[PDB]
Each structure stands twice: as C-alpha cells, then as structure tokens.
$ cat input_39.cif   # mmCIF, N, CA and C atoms
data_start
loop_
_atom_site.label_atom_id
_atom_site.label_comp_id
_atom_site.auth_asym_id
_atom_site.auth_seq_id
_atom_site.Cartn_x
_atom_site.Cartn_y
_atom_site.Cartn_z
N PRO R 2 169.30 110.29 58.85
CA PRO R 2 169.08 109.52 60.08
C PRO R 2 167.63 109.55 60.55
N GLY R 3 167.39 108.96 61.72
CA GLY R 3 166.05 108.93 62.28
C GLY R 3 165.34 107.61 62.02
N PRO R 4 165.19 106.76 63.05
CA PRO R 4 164.52 105.47 62.89
C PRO R 4 163.01 105.58 63.14
N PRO R 5 162.20 104.82 62.38
CA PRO R 5 160.74 104.87 62.56
C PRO R 5 160.33 104.52 63.99
N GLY R 6 159.24 105.12 64.45
CA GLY R 6 158.78 104.87 65.80
C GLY R 6 158.13 103.51 65.98
N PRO R 7 157.62 103.23 67.19
CA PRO R 7 156.97 101.95 67.48
C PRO R 7 155.59 101.87 66.84
N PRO R 8 155.13 100.65 66.53
CA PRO R 8 153.80 100.54 65.92
C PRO R 8 152.75 101.15 66.84
N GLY R 9 151.74 101.77 66.26
CA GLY R 9 150.69 102.38 67.07
C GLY R 9 149.93 101.34 67.86
N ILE R 10 149.06 101.79 68.76
CA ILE R 10 148.27 100.88 69.57
C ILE R 10 147.19 100.24 68.70
N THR R 11 146.80 99.02 69.06
CA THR R 11 145.77 98.29 68.33
C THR R 11 144.42 99.00 68.45
N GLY R 12 143.63 98.91 67.38
CA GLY R 12 142.33 99.56 67.35
C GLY R 12 141.31 98.97 68.31
N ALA R 13 140.22 99.71 68.53
CA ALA R 13 139.16 99.28 69.42
C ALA R 13 138.32 98.19 68.78
N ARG R 14 137.61 97.43 69.60
CA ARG R 14 136.76 96.37 69.09
C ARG R 14 135.62 97.01 68.33
N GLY R 15 135.14 96.32 67.30
CA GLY R 15 134.03 96.85 66.53
C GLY R 15 132.75 96.87 67.36
N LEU R 16 131.76 97.61 66.86
CA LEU R 16 130.46 97.72 67.52
C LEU R 16 129.73 96.38 67.50
N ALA R 17 128.93 96.12 68.53
CA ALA R 17 128.17 94.87 68.59
C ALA R 17 127.23 94.82 67.39
N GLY R 18 126.95 93.61 66.91
CA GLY R 18 126.08 93.48 65.76
C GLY R 18 124.62 93.80 66.05
N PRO R 19 123.80 93.97 65.00
CA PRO R 19 122.37 94.28 65.16
C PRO R 19 121.59 93.04 65.62
N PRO R 20 120.36 93.23 66.14
CA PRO R 20 119.57 92.09 66.59
C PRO R 20 119.24 91.17 65.42
N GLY R 21 119.08 89.89 65.71
CA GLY R 21 118.75 88.93 64.67
C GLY R 21 117.39 89.24 64.06
N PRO R 22 116.98 88.50 63.03
CA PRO R 22 115.68 88.78 62.42
C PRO R 22 114.54 88.27 63.29
N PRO R 23 113.32 88.81 63.07
CA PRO R 23 112.16 88.37 63.85
C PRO R 23 112.01 86.85 63.79
N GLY R 24 111.47 86.27 64.86
CA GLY R 24 111.29 84.83 64.91
C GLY R 24 110.17 84.37 63.99
N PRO R 25 109.96 83.05 63.87
CA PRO R 25 108.90 82.51 63.02
C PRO R 25 107.52 82.64 63.66
N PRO R 26 106.46 82.47 62.86
CA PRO R 26 105.09 82.58 63.39
C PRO R 26 104.86 81.61 64.54
N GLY R 27 103.97 81.99 65.46
CA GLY R 27 103.68 81.16 66.60
C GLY R 27 102.70 80.04 66.29
N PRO R 28 102.43 79.14 67.25
CA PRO R 28 101.50 78.03 67.03
C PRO R 28 100.05 78.50 66.92
N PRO R 29 99.18 77.68 66.32
CA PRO R 29 97.76 78.04 66.16
C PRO R 29 97.05 78.12 67.51
N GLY R 30 96.05 78.99 67.60
CA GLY R 30 95.32 79.14 68.84
C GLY R 30 94.26 78.08 69.05
N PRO K 31 167.38 114.18 62.71
CA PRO K 31 166.30 114.45 63.69
C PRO K 31 165.53 113.16 63.94
N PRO K 32 164.61 113.16 64.91
CA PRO K 32 163.84 111.94 65.18
C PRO K 32 163.26 111.33 63.91
N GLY K 33 163.20 110.00 63.88
CA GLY K 33 162.66 109.31 62.72
C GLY K 33 161.20 109.60 62.47
N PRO K 34 160.61 109.01 61.42
CA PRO K 34 159.20 109.25 61.11
C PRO K 34 158.26 108.45 62.02
N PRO K 35 156.98 108.85 62.09
CA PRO K 35 156.01 108.14 62.94
C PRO K 35 156.01 106.65 62.62
N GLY K 36 155.67 105.84 63.62
CA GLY K 36 155.65 104.40 63.42
C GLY K 36 154.52 103.96 62.51
N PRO K 37 154.40 102.66 62.23
CA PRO K 37 153.32 102.22 61.34
C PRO K 37 152.01 102.16 62.11
N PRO K 38 150.87 102.21 61.40
CA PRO K 38 149.56 102.16 62.05
C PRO K 38 149.42 100.92 62.93
N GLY K 39 148.65 101.03 64.00
CA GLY K 39 148.45 99.90 64.88
C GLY K 39 147.61 98.83 64.22
N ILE K 40 147.62 97.63 64.81
CA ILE K 40 146.84 96.53 64.28
C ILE K 40 145.36 96.89 64.31
N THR K 41 144.63 96.48 63.28
CA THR K 41 143.20 96.74 63.18
C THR K 41 142.44 96.04 64.31
N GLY K 42 141.41 96.70 64.84
CA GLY K 42 140.63 96.13 65.92
C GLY K 42 139.86 94.87 65.55
N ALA K 43 139.42 94.13 66.56
CA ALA K 43 138.68 92.89 66.34
C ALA K 43 137.22 93.16 65.99
N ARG K 44 136.60 92.20 65.31
CA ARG K 44 135.20 92.31 64.94
C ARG K 44 134.35 92.37 66.21
N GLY K 45 133.23 93.09 66.14
CA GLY K 45 132.37 93.19 67.31
C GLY K 45 131.63 91.91 67.68
N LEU K 46 131.10 91.87 68.90
CA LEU K 46 130.35 90.69 69.32
C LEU K 46 129.11 90.56 68.44
N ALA K 47 128.59 89.34 68.30
CA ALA K 47 127.40 89.15 67.49
C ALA K 47 126.24 89.87 68.20
N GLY K 48 125.26 90.33 67.45
CA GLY K 48 124.14 91.01 68.06
C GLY K 48 123.25 90.06 68.84
N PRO K 49 122.26 90.58 69.57
CA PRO K 49 121.34 89.76 70.36
C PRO K 49 120.30 89.05 69.49
N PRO K 50 119.56 88.10 70.08
CA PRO K 50 118.52 87.38 69.32
C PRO K 50 117.47 88.37 68.81
N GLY K 51 116.87 88.04 67.67
CA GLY K 51 115.85 88.90 67.11
C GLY K 51 114.56 88.86 67.91
N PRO K 52 113.58 89.72 67.58
CA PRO K 52 112.31 89.75 68.30
C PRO K 52 111.51 88.47 68.09
N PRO K 53 110.56 88.18 68.99
CA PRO K 53 109.75 86.97 68.86
C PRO K 53 108.91 87.04 67.58
N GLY K 54 108.59 85.89 67.01
CA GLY K 54 107.79 85.88 65.80
C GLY K 54 106.38 86.38 66.04
N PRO K 55 105.58 86.54 64.98
CA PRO K 55 104.20 87.02 65.14
C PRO K 55 103.31 85.92 65.71
N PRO K 56 102.10 86.28 66.14
CA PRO K 56 101.19 85.27 66.70
C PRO K 56 100.76 84.28 65.63
N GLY K 57 100.50 83.04 66.04
CA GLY K 57 100.07 82.04 65.08
C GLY K 57 98.66 82.30 64.60
N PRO K 58 98.13 81.49 63.67
CA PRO K 58 96.76 81.73 63.21
C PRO K 58 95.78 81.45 64.35
N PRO K 59 94.51 81.87 64.20
CA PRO K 59 93.90 82.57 63.07
C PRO K 59 93.89 84.08 63.27
N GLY K 60 93.05 84.76 62.50
CA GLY K 60 92.95 86.21 62.61
C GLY K 60 92.36 86.65 63.94
N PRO M 61 167.04 110.18 67.10
CA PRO M 61 166.19 109.36 67.98
C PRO M 61 165.04 108.75 67.19
N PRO M 62 164.42 107.68 67.71
CA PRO M 62 163.30 107.04 67.01
C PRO M 62 162.12 108.00 66.82
N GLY M 63 161.29 107.72 65.83
CA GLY M 63 160.14 108.57 65.56
C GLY M 63 158.99 108.32 66.52
N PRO M 64 157.93 109.13 66.46
CA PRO M 64 156.79 108.95 67.35
C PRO M 64 156.02 107.67 67.01
N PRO M 65 155.13 107.23 67.91
CA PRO M 65 154.37 106.01 67.62
C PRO M 65 153.42 106.23 66.45
N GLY M 66 153.10 105.14 65.75
CA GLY M 66 152.19 105.25 64.64
C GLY M 66 150.81 105.54 65.19
N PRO M 67 149.84 105.84 64.32
CA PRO M 67 148.49 106.13 64.80
C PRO M 67 147.77 104.85 65.23
N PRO M 68 146.72 104.98 66.05
CA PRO M 68 145.97 103.81 66.51
C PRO M 68 145.36 103.08 65.32
N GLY M 69 145.27 101.76 65.42
CA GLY M 69 144.69 100.99 64.34
C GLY M 69 143.24 101.36 64.22
N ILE M 70 142.64 101.11 63.06
CA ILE M 70 141.24 101.43 62.84
C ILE M 70 140.37 100.50 63.69
N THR M 71 139.17 100.96 64.01
CA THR M 71 138.24 100.16 64.80
C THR M 71 137.79 98.96 63.96
N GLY M 72 137.59 97.83 64.63
CA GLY M 72 137.18 96.62 63.93
C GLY M 72 135.81 96.68 63.29
N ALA M 73 135.52 95.70 62.44
CA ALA M 73 134.25 95.62 61.76
C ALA M 73 133.13 95.39 62.79
N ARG M 74 131.89 95.63 62.38
CA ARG M 74 130.75 95.43 63.26
C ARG M 74 130.41 93.95 63.36
N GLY M 75 129.93 93.54 64.53
CA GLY M 75 129.56 92.16 64.73
C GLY M 75 128.48 91.75 63.74
N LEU M 76 128.33 90.44 63.53
CA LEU M 76 127.29 89.96 62.63
C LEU M 76 125.96 90.06 63.37
N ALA M 77 124.87 89.87 62.64
CA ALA M 77 123.54 89.93 63.24
C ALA M 77 123.34 88.75 64.18
N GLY M 78 122.50 88.92 65.19
CA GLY M 78 122.25 87.85 66.13
C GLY M 78 121.34 86.79 65.56
N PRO M 79 121.05 85.73 66.33
CA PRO M 79 120.17 84.65 65.86
C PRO M 79 118.72 85.11 65.69
N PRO M 80 117.95 84.39 64.87
CA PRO M 80 116.55 84.77 64.67
C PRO M 80 115.79 84.69 65.99
N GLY M 81 114.78 85.55 66.15
CA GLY M 81 114.01 85.54 67.37
C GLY M 81 113.29 84.23 67.58
N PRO M 82 112.71 84.01 68.78
CA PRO M 82 111.99 82.76 69.05
C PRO M 82 110.60 82.76 68.42
N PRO M 83 109.88 81.64 68.48
CA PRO M 83 108.53 81.57 67.90
C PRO M 83 107.54 82.49 68.62
N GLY M 84 106.59 83.04 67.87
CA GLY M 84 105.60 83.92 68.45
C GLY M 84 104.63 83.20 69.37
N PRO M 85 103.71 83.93 70.02
CA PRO M 85 102.74 83.30 70.92
C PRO M 85 101.60 82.63 70.16
N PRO M 86 100.81 81.79 70.84
CA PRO M 86 99.69 81.10 70.17
C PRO M 86 98.70 82.08 69.56
N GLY M 87 98.02 81.65 68.50
CA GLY M 87 97.04 82.52 67.86
C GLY M 87 95.83 82.76 68.73
N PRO M 88 94.96 83.72 68.37
CA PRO M 88 93.76 84.02 69.16
C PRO M 88 92.76 82.86 69.17
N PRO M 89 92.05 82.66 70.30
CA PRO M 89 91.07 81.58 70.44
C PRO M 89 89.96 81.63 69.39
N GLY M 90 89.70 80.48 68.77
CA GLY M 90 88.67 80.41 67.75
C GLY M 90 87.27 80.50 68.33
#
$ encode --input "input_39.cif" --output "structure tokens"
Amino acid sequence: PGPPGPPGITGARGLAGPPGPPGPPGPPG
Amino acid sequence: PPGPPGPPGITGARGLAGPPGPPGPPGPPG
Amino acid sequence: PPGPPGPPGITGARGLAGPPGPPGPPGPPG
C-alpha cells in the first residue's frame, strides 16, 4: 500500500541574463 | 505505510533577458 | 496514507544576453 504524494512545488525562475555586448563605434569627431 | 514521495515539481521558467550592453567606443580619430 | 510531496523543481535556465549597447560618443576633435 501507500499512494505517491503530491507533485513538488515548481522551481524558481532562472537568473537574469548577462548584459548585452558592447555597442558599435561612435560617430567621427 | 505512507506512500513514496511525490514526483519532482515542474522546472522553473527561464530568467529575464539581461540589460543592454555598454555603449560602444568613441568614434574616430585617435 | 499518501506519500510526502516531491522535491521542488529545479531552477530555470538563465536568461539570454541583453541587446547590444548603444553607439559610442563622437570621436575627439581634429
């Protein structure tokens, strides 16, 4: 005997992603 | 006796996208 | 009696990288 318990709680949200890559070169002076 | 532990919970959601990258380098010249 | 609850689901994947940064500032005066 013995029935399986309830499904566990859902996991936490993943960590925020890393910053995007550096931007492109700026305009000429 | 009591049954076995339940199944693992649903996997968490993907994280938020990261922030914008740093500004680009200065334009020419040297 | 029913069994204990299953373990918590695993944490989700990490977010993707953010957008590329903006354009850099103007170059130095000639």
$ resolve_selection --input "input_39.cif" --expression "the PyMOL selection byres ((chain R and resi 23) around 5)" --output "PyMOL selection string"
(chain R and resi 21-22+24-25) or (chain K and resi 51-54) or (chain M and resi 80-81)
$ calpha_fit_rmsd --input "input_39.cif" --fixed "chain M" --moving "chain K"
1.7 Å
$ resolve_selection --input "input_39.cif" --expression "the PyMOL selection byres (((chain R and resi 4 and name CA) around 10) and name CA)" --output "VMD selection string"
(chain R and resid 2 to 3 5 to 7) or (chain K and resid 31 to 36) or (chain M and resid 61 to 64)
$ resolve_selection --input "input_39.cif" --expression "the PyMOL selection byres ((chain M and resi 77) around 5)" --output "PyMOL selection string"
(chain R and resi 18-21) or (chain K and resi 48) or (chain M and resi 75-76+78-79)
$ residues_around --input "input_39.cif" --residues "residue 42 of chain K" --least-positions-apart "4" --cutoff "8 Å" --atoms "only N, CA and C atoms" --output "PDB file with N, CA and C atoms, in the coordinates of the input"
ATOM      1  N   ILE R  10     149.060 101.790  68.760  1.00  0.00           N
ATOM      2  CA  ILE R  10     148.270 100.880  69.570  1.00  0.00           C
ATOM      3  C   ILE R  10     147.190 100.240  68.700  1.00  0.00           C
ATOM      4  N   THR R  11     146.800  99.020  69.060  1.00  0.00           N
ATOM      5  CA  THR R  11     145.770  98.290  68.330  1.00  0.00           C
ATOM      6  C   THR R  11     144.420  99.000  68.450  1.00  0.00           C
ATOM      7  N   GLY R  12     143.630  98.910  67.380  1.00  0.00           N
ATOM      8  CA  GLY R  12     142.330  99.560  67.350  1.00  0.00           C
ATOM      9  C   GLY R  12     141.310  98.970  68.310  1.00  0.00           C
ATOM     10  N   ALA R  13     140.220  99.710  68.530  1.00  0.00           N
ATOM     11  CA  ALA R  13     139.160  99.280  69.420  1.00  0.00           C
ATOM     12  C   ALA R  13     138.320  98.190  68.780  1.00  0.00           C
ATOM     13  N   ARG R  14     137.610  97.430  69.600  1.00  0.00           N
ATOM     14  CA  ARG R  14     136.760  96.370  69.090  1.00  0.00           C
ATOM     15  C   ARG R  14     135.620  97.010  68.330  1.00  0.00           C
ATOM     16  N   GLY R  15     135.140  96.320  67.300  1.00  0.00           N
ATOM     17  CA  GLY R  15     134.030  96.850  66.530  1.00  0.00           C
ATOM     18  C   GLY R  15     132.750  96.870  67.360  1.00  0.00           C
TER      19      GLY R  15
ATOM     20  N   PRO M  68     146.720 104.980  66.050  1.00  0.00           N
ATOM     21  CA  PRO M  68     145.970 103.810  66.510  1.00  0.00           C
ATOM     22  C   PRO M  68     145.360 103.080  65.320  1.00  0.00           C
ATOM     23  N   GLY M  69     145.270 101.760  65.420  1.00  0.00           N
ATOM     24  CA  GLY M  69     144.690 100.990  64.340  1.00  0.00           C
ATOM     25  C   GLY M  69     143.240 101.360  64.220  1.00  0.00           C
ATOM     26  N   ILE M  70     142.640 101.110  63.060  1.00  0.00           N
ATOM     27  CA  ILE M  70     141.240 101.430  62.840  1.00  0.00           C
ATOM     28  C   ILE M  70     140.370 100.500  63.690  1.00  0.00           C
ATOM     29  N   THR M  71     139.170 100.960  64.010  1.00  0.00           N
ATOM     30  CA  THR M  71     138.240 100.160  64.800  1.00  0.00           C
ATOM     31  C   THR M  71     137.790  98.960  63.960  1.00  0.00           C
ATOM     32  N   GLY M  72     137.590  97.830  64.630  1.00  0.00           N
ATOM     33  CA  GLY M  72     137.180  96.620  63.930  1.00  0.00           C
ATOM     34  C   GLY M  72     135.810  96.680  63.290  1.00  0.00           C
ATOM     35  N   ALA M  73     135.520  95.700  62.440  1.00  0.00           N
ATOM     36  CA  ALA M  73     134.250  95.620  61.760  1.00  0.00           C
ATOM     37  C   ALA M  73     133.130  95.390  62.790  1.00  0.00           C
TER      38      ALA M  73
END
$ atom_distance --input "input_39.cif" --atom1 "atom N of residue 27 of chain R" --atom2 "atom C of residue 89 of chain M"
14.6 Å
$ atom_distance --input "input_39.cif" --atom1 "atom N of residue 44 of chain K" --atom2 "atom CA of residue 67 of chain M"
18.3 Å
$ atom_distance --input "input_39.cif" --atom1 "atom C of residue 86 of chain M" --atom2 "atom C of residue 30 of chain R"
6.0 Å
$ axis_aligned_box --input "input_39.cif" --around "segment 40-58 of chain K" --padding-each-side "5 Å" --output "JSON"
{"center_x": 121.7, "center_y": 89.5, "center_z": 66.8, "size_x": 61.8, "size_y": 26.2, "size_z": 17.2}
